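> Quick one: the structure is below, questions incoming.
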Amino acid sequence: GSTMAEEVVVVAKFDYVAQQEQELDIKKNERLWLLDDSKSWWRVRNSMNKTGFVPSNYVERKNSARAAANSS
């Protein structure tokens, strides 16, 4: 079925330092699990079980489909 609201993951292209203590630190080529993507800041999770809000500039949702067809 669908245990817990978590079915979206995004990978980081560059590195970033969670400015605020609430934000989560990222790393170049790091796959972060998106938890809450409703607020301006996209909340993701790290392999360390840690979570925080991060911008959609150093990350990108995965699980895309055919190259030719791009959601349209």
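As shown in the structure tokens, the chain order sets the letters A, B, ...; within each chain, residues go from 1, and ligands are also counted from 1 in the order they appear.
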What's around stretch 50-57 of chain A at 10 Å? Count only C-alpha atoms, leave out sequence neighbours fewer than 2 positions away in its own chain, and write the answer as a JSON list (two decimals) with C-alpha atoms, in the first residue's frame.

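File result21.json, as written:
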```
[["chain", "number", "residue", "atom", "x", "y", "z"],
["A", 10, "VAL", "CA", 15.67, 14.04, -4.78],
["A", 12, "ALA", "CA", 21.78, 16.90, -4.84],
["A", 13, "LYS", "CA", 23.99, 18.28, -7.61],
["A", 14, "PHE", "CA", 26.06, 20.64, -5.48],
["A", 16, "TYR", "CA", 25.17, 23.36, 0.68],
["A", 17, "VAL", "CA", 25.39, 24.18, 4.39],
["A", 18, "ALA", "CA", 22.06, 24.18, 6.22],
["A", 19, "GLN", "CA", 22.14, 27.86, 7.17],
["A", 20, "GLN", "CA", 19.55, 27.50, 9.94],
["A", 21, "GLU", "CA", 19.71, 24.69, 12.51],
["A", 22, "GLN", "CA", 16.33, 23.59, 11.14],
["A", 23, "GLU", "CA", 17.72, 23.09, 7.63],
["A", 24, "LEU", "CA", 19.54, 19.91, 6.61],
["A", 25, "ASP", "CA", 23.06, 19.80, 5.17],
["A", 26, "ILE", "CA", 23.50, 18.38, 1.67],
["A", 32, "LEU", "CA", 17.98, 12.93, -0.14],
["A", 33, "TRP", "CA", 14.53, 11.56, 0.67],
["A", 34, "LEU", "CA", 11.86, 14.23, 0.22],
["A", 35, "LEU", "CA", 9.39, 14.23, 3.12],
["A", 36, "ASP", "CA", 7.45, 17.50, 2.94],
["A", 37, "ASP", "CA", 7.49, 19.53, -0.28],
["A", 39, "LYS", "CA", 6.31, 24.87, 2.08],
["A", 40, "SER", "CA", 8.66, 27.17, 0.17],
["A", 41, "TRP", "CA", 11.48, 25.00, 1.50],
["A", 42, "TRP", "CA", 11.55, 21.33, 0.51],
["A", 43, "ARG", "CA", 11.96, 19.13, 3.58],
["A", 44, "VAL", "CA", 14.18, 16.10, 2.95],
["A", 45, "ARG", "CA", 15.88, 13.34, 4.94],
["A", 46, "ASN", "CA", 19.50, 12.19, 5.11],
["A", 47, "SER", "CA", 21.07, 8.75, 5.50],
["A", 48, "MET", "CA", 21.80, 9.84, 9.07],
["A", 59, "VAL", "CA", 18.38, 19.15, -5.37],
["A", 60, "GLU", "CA", 16.06, 17.51, -7.90],
["A", 61, "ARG", "CA", 13.27, 14.93, -7.72]]
```
> From the DSSP assignment of the backbone, select every residue of chain A that is strand (DSSP E or B), and format the answer as a ChimeraX atom specification.
/A:8-11,31-36,42-45,51-54,60-61
> With distances taken over only C-alpha atoms, which of A:62, A:72, A:29, A:67 is nearest to residue A:7?
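Nearest candidate to residue A:7 out of A:62, A:72, A:29, A:67: A:62.
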> Do you have the atom CA of residue A:30-atom CA of residue A:64 distance handy?
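These atoms are spaced 17.0 Å apart.
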> Expressed in Å to a single decimal, how great is the separation between atom CA of residue A:1 and atom CA of residue A:69?
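Going from atom CA of residue A:1 over to atom CA of residue A:69, I get 27.1 Å.
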> In Å, with one decimal, what is the gap from atom CA of residue A:11 to atom CA of residue A:63?
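Separation between atom CA of residue A:11 and atom CA of residue A:63: 10.4 Å.
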